[PDB]
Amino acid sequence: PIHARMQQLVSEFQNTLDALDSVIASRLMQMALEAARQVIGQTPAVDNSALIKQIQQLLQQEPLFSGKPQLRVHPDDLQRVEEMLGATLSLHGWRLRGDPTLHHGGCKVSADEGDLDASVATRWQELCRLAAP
């Protein structure tokens, strides 16, 4: 049925987003270095451990990668979707919402920023400490 398809979408998609964390840091570094090189005209001398940490932070700054996807649909088909994908979506931690603007039988995917209280509570543990030069 359609069930497998939509569930495999959410399955596959989220899964791909997950794979990013393990495999995407070094990849973005190699690119960052190429960019630098092509611009400056020579390979610069850069601390790799330092640099690769800078990217992980950059990554943590994209809610889509750091948080979970938000599937928001039309209120009319709202109940219909949640009945179909509700179980599969919850497992992967996806929020779901109706969007008044979206047309009947239509769908839009954004990266949810969650709750203000949560975002704040998280920053304290990060802001709590300071490194040394």
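All residue numbers are counted from 1 along the displayed sequence.
Average Cα temperature factor in the PDB entry - higher stretch of 66-74, 36-44
Between 36-44 and 66-74, it is 66-74.
Taking the recorded C-alpha temperature factors, which stretch has the higher mean, 55-63 or 84-92?
Higher mean C-alpha B-factor: 84-92.
Split the chain's modelled residues into thirds by Cα B-factor; is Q79 in the lowest, middle or highest one?
Tercile = highest for this residue's CA B-factor.
Lowest, middle or highest third: which one holds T101 when the chain's residues are ordered by CA B-factor from the entry?
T101: CA B-factor falls in the highest third of its chain.
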